[PDB]
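For the numbers below, each heavy atom of this structure counts, side chains included, while hydrogens, waters and symmetry mates do not. We name chains A, B, ... by the order of the sequence lines, and we start the count at 1 in each one.
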Amino acid sequence: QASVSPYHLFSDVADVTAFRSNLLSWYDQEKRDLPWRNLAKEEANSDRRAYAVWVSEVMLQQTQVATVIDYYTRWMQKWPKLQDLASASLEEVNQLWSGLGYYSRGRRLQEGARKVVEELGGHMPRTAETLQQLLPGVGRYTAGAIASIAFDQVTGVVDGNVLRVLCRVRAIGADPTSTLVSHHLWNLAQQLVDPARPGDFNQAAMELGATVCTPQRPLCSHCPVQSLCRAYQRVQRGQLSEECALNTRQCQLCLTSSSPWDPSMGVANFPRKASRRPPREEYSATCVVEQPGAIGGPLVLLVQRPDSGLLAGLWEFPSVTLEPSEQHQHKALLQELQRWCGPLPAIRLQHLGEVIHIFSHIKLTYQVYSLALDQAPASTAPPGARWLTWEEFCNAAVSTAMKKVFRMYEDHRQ
DNA sequence: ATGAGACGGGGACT
DNA sequence: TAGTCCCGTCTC
Ligand code: SF4
Ligand SMILES: [Zn+2]
């Protein structure tokens with residue numbers, strides 16, 4: 001309902017004015033140097049400016065700034081314009097994305113650029129609503145980031161950083177993933193975003209959550225919005241010797257509930273921590289088959305995953321899925337290897353060790369093998385088989401799991 | 001037809 | 001050391 005207590009609202013316009021001014025003044029003296037800020041500040045063309053912002057905001061989804069920087073630079077140097085990206089192949093996109101994770105982001109970014117160039121004359125949509133509707137991979141966050149940063153639209157955003165900042169600043173301790181709490185956070189973000197500098201405000205709020213209002217041990221003594229933070233105000237009471245008026249059980253007859261407030265956590269009582277369920281275990285066997293090749297050998301066999309599901313369309317060493325009880329077997333692996341190599345001397349199969357790779361939702365254990373051939377396969381290389389030099393593999397569209405497998409193969413090789 | 005699960009990898013910190 | 005948290009979009 002609209003009957004939330006003023007304890008969780010900014011009912012005083014003076015507080016809103018001060019929140020914006022304090023945050024932006026801190027940003028103007030503390031802001032990190034980032035390549036997408038540099039490209040954006042100097043690109044007067046709106047479409048080129050939005051493209052540079054769009055790429056960075058897709059790469060930043062569930063990925064830390066420190067990781068993105070090098071990928072962003074590589075991407076913008078290879079595809080400086082929408083037009084360049086639209087002509088790229090998905091295979092080239094996966095090559096550049098290799099190691100960044102959540103690979104559908106890269107595919108959708110290319111699909112979007114192709115749509116913009118080939119259906120919209122190269123012109124990016126100019127509001128959060130139309131960016132979200134028309135561009136694949138662009139949800140509510142990315143659309144608001146592009147619109148505010150690139151087009152000066154007055155629209156607030158809630159990423160993980162802003163969620164944490166707002167839950168402390170207004171002492172929201174309920175499950176933040178619920179529809180009700182999420183709606184309240186977006187409403188706060190829309191109230192607070194500076195109408196004159198909405199992009200800088202959004203960037204400032206996110207960088208505050210990244211560098212000051214951090215998940216653990218936040219730097220409250222260094223915070224520009226300290227005086228306006230409910231979380232901070234409460235910690236400074238402690239053994240008190242301002243609170244939420246409507247936080248009383250409607251029932252005055254039941255046992256009176258007690259506060260789950262943990263004094264030893266301070267402002268980190270907010271937000272509530274998401275309870276995490278461990279990933280399911282899966283098992284696979286994989287083999288680096290090698291042949292001597294010519295100059296720059298040996299060559300290793302790579303094959304392409306299905307274009308759906310996990311790590312879709314990426315390349316990998318031939319692999320088979322195994323049930324736990326049969327995770328050390330060779331039968332199915334050798335059958336898969338012979339698909340791509342013809343008849344194989346199965347005596348050469350060398351067990352190297354195991355590689356455990358953690359996805360967000362799967363703990364995958366590979367039994368890793370190698371099979372070194374004395375010469376090329378007897379038959380011509382089948383369609384879908386790629387024989388790569390070590391350097392080509394390192395630059396190919398492969399998952400990090402397969403790079404760990406390759407590093408195990410390189411170590412055990414003599 | 002909505003909401004939990006699918007979907008990668010690593011940085012920071014204990 | 002080994003463990004933990006957490007940096008959005010889409011669907012099946
Ligand atoms: S005072 Fe502390 S808890 Fe509040 S916003 Fe600043 S860093 Fe976060
Ligand atoms: Zn309350």
Side-chain angles (χ1 to χ4, degrees), chain A residues 32 34 54-72 94 96-109 111-112 128 131-146 157-165 167 175-183 185-186 189 202 205-219 264-265 268 270-280 282 305-314 316 355-364 366 397-405 407:
Chain A
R32 187 175 184 169
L34 296 170
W54 179 15
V55 171
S56 68
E57 296 296 337
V58 169
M59 291 184 173
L60 284 164
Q61 301 171 3
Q62 301 290 278
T63 315
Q64 285 184 2
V65 167
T67 297
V68 169
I69 287 167
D70 281 3
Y71 284 93
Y72 179 83
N94 287 339
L96 217 131
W97 216 263
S98 177
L100 202 40
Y102 286 170
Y103 291 88
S104 291
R105 295 185 284 162
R107 173 174 59 80
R108 295 193 179 115
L109 182 54
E111 293 177 354
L131 287 158
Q132 180 173 351
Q133 162 198 21
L134 293 174
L135 302 189
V138 173
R140 197 182 179 181
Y141 168 77
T142 307
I146 296 164
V157 298
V158 188
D159 72 327
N161 288 303
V162 170
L163 180 152
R164 176 171 50 259
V165 166
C167 284
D175 186 330
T177 59
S178 68
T179 304
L180 185 49
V181 178
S182 193
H183 195 242
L185 296 166
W186 282 90
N202 287 331
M206 292 185 271
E207 191 153 318
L208 191 74
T211 61
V212 173
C213 196
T214 54
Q216 305 93 36
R217 307 191 179 187
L219 279 56
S264 72
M265 293 195 304
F270 316 104
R272 199 185 77 109
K273 295 178 192 168
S275 55
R276 313 205 175 267
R277 294 178 172 183
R280 65 175 201 270
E282 306 205 333
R305 293 177 61 85
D307 75 338
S308 65
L310 191 71
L311 298 173
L314 302 188
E316 69 179 6
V355 169
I356 300 174
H357 191 66
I358 306 292
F359 305 84
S360 283
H361 62 305
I362 297 163
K363 170 189 177 189
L364 177 58
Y366 284 103
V398 308
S399 61
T400 297
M402 287 296 138
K403 299 185 182 161
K404 302 173 171 179
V405 168
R407 181 165 179 188

K.L.:
Counting only Watson-Crick pairs (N1-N3 plus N6-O4 or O6-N4) and G-U wobbles (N1-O2, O6-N3), all under 3.5 Å, who is the partner of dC7(B)?
P.N.:
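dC7(B) is paired with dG8(C).
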K.L.:
Measure the distance from NZ on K403(A) to P on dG8(B) and round it to the nearest whole Å.
P.N.:
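Rounded to whole Å, this separation is 14 Å.
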K.L.:
Can a donor-acceptor pair under 3.5 Å be found between the side-chain atoms of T63(A) and the base atoms of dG8(B)?
P.N.:
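Yes, a donor-acceptor pair under 3.5 Å.
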K.L.:
Is it true that, when you exclude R217(A) itself, more than 12 heavy atoms of the residues, nucleotides or ligands shown sit nearer than 6.0 Å to its CZ?
P.N.:
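Not more than 12 within 6.0 Å, no.
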K.L.:
Could you verify whether a donor N or O on one side chain and an acceptor N or O on the other, from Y102(A) and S360(A), lie under 3.5 Å apart?
P.N.:
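On atom types as modelled, these side chains qualify, holding a pair under 3.5 Å.
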K.L.:
Just call it for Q61(A): base, sugar-phosphate, or nothing, with non-hydrogen atoms closer than 4.0 Å on any strand.
P.N.:
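Counting heavy atoms under 4.0 Å across all strands, the contact made by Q61(A) is with sugar-phosphate only.
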K.L.:
Does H361(A) have a side-chain nitrogen or oxygen under 4.0 Å from the phosphate oxygens OP1 or OP2 of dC7(B)?
P.N.:
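Answer yes for this pair, as a side-chain N or O of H361(A) is under 4.0 Å from OP1 or OP2.
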K.L.:
We want to know whether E57(A) and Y141(A) form a side-chain donor-acceptor pair, criterion being a heavy-atom distance below 3.5 angstrom.
P.N.:
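Distance-only check passes for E57(A) and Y141(A).
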K.L.:
Atom NZ of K363(A) and atom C1' of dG3(C): how far apart are they, to the nearest Å?
P.N.:
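About 13 Å, once rounded to whole Å.
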K.L.:
What is the nucleic acid contact for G101(A), judged by heavy atoms within less than 4.0 Å: base, sugar-phosphate only, or nothing?
P.N.:
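Since a base atom lies under 4.0 Å of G101(A), the category is base.
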K.L.:
Tell me whether the side-chain N/O atoms of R140(A) come closer than 4.0 Å to OP1 or OP2 in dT9(C).
P.N.:
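No, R140(A) has no side-chain N/O under 4.0 Å of OP1/OP2 on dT9(C).
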K.L.:
Just by distance, no angles: are the side chains of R105(A) and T63(A) close enough, under 3.5 Å, to form a donor-acceptor pair?
P.N.:
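Result is yes, a qualifying pair exists.
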K.L.:
Starting from P on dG9(B), measure out to CD1 on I69(A) and report it in whole angstrom.
P.N.:
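That distance rounds to 20 Å.
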K.L.:
Roughly how many Å apart are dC7(B) and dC6(C), using the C1' atom of each and rounding to a whole number?
P.N.:
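Straight-line distance between the two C1' atoms is 15 Å.
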K.L.:
Rounded to whole Å, please give me the gap between CG in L131(A) and P in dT9(C).
P.N.:
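One finds 12 Å between P of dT9(C) and CG of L131(A), rounded.
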K.L.:
Return no unless some side-chain N or O of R277(A) is found under 4.0 Å from OP1 or OP2 of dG5(B).
P.N.:
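Answer yes for this pair, as a side-chain N or O of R277(A) is under 4.0 Å from OP1 or OP2.
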K.L.:
Checking all strands, does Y141(A) fall into the base, sugar-phosphate, or nothing category for heavy-atom contacts under 4.0 angstrom?
P.N.:
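Touches sugar-phosphate only.
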K.L.:
Look at all strands and tell whether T179(A) reaches a base, only sugar-phosphate, or nothing, counting heavy atoms closer than 4.0 Å.
P.N.:
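Sugar-phosphate: the residue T179(A), judged by heavy atoms under 4.0 Å, touches backbone atoms but no base.
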K.L.:
Can you tell me if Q62(A) touches the phosphate of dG8(C), counting only side-chain N or O atoms and a distance under 4.0 Å to OP1 or OP2?
P.N.:
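Checking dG8(C) against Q62(A), a side-chain N or O does come within under 4.0 Å of OP1 or OP2.
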K.L.:
Output the rounded distance in Å from CZ (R272(A)) to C1' (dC5(C)).
P.N.:
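After rounding, the gap between these two atoms is 15 Å.
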K.L.:
Determine the contact category for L100(A): base if any of its heavy atoms lies under 4.0 Å from a base atom, sugar-phosphate if only primed atoms, P, OP1 or OP2 are that close, otherwise nothing.
P.N.:
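Result for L100(A) = base.
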K.L.:
Measuring only the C1' atom in each nucleotide, how far is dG8(B) from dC5(C)? A whole number of Å is fine.
P.N.:
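Nearest-Å result for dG8(B) against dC5(C) at atom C1': 16 Å.
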K.L.:
Could you tell me whether the phosphate oxygens of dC6(C), OP1 or OP2, come under 4.0 Å of any side-chain nitrogen or oxygen in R164(A)?
P.N.:
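So the side-chain polar atoms of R164(A) never come under 4.0 Å of the phosphate oxygens OP1 or OP2 of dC6(C).
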K.L.:
Within the modelled atom types, does a donor on one side and an acceptor on the other bring the side chain of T67(A) and the base of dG11(B) under 3.5 Å apart?
P.N.:
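Counting by modelled atom types and ignoring angles, no donor-acceptor contact under 3.5 Å is found here.
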K.L.:
For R217(A), report the nucleic acid contact type (base, sugar-phosphate, nothing); a contact means any heavy atom under 4.0 Å.
P.N.:
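Sugar-phosphate, no base atom in range.
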K.L.:
Find the distance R107(A):CZ to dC10(C):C1' and express it as a whole number of Å.
P.N.:
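That distance rounds to 10 Å.
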K.L.:
NA contact type, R105(A), heavy-atom cut-off 4.0 Å: base, sugar-phosphate, or nothing?
P.N.:
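Base contact.
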K.L.:
Do any side-chain nitrogens or oxygens of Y102(A) fall under 4.0 Å of OP1 or OP2 in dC7(C)?
P.N.:
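For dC7(C), OP1/OP2 do not have a side-chain N/O of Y102(A) under 4.0 Å.
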K.L.:
At what distance, to the nearest 0.5 angstrom, does OG1 of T214(A) lie from CG of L208(A)?
P.N.:
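Answer rounded to 0.5 Å: 9.5 Å.
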K.L.:
State the pairing partner of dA2(C); accept Watson-Crick or G-U wobble contacts with both distances under 3.5 Å, and report none otherwise.
P.N.:
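Because both required distances fall under 3.5 Å, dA2(C) counts as paired with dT14(B).
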K.L.:
Would you mind classifying the nucleic acid contact of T177(A) as base, sugar-phosphate or nothing, using non-hydrogen atoms under 4.0 angstrom?
P.N.:
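It contacts nothing in the nucleic acid.
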K.L.:
DNA chain B: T400(A) or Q216(A), which has the more 5' nearest nucleotide?
P.N.:
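The answer here is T400(A).
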K.L.:
Tell me whether the side-chain N/O atoms of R280(A) come closer than 4.0 Å to OP1 or OP2 in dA6(B).
P.N.:
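So the side chain of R280(A) is within the cut-off, an N or O lying under 4.0 Å from OP1 or OP2 of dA6(B).
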K.L.:
Rounded to the nearest angstrom, tell me the gap between atom NE2 in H357(A) and atom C1' in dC7(B).
P.N.:
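Spelled out: NE2 on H357(A) to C1' on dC7(B) is 12 Å.
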K.L.:
Report the distance from atom CG of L96(A) to atom OH of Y72(A), rounding to the nearest 0.5 Å.
P.N.:
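So the CG of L96(A) and the OH of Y72(A) are separated by 12.5 Å.
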K.L.:
Nearest-Å distance, CZ (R108(A)) to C1' (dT9(C))?
P.N.:
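Nearest whole value for this atom pair: 6 Å.
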K.L.:
Do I69(A) and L34(A) have side chains that approach each other closer than 4.5 Å (heavy atoms only, starting at C-beta)?
P.N.:
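Contact flag for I69(A)/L34(A) side chains = yes.
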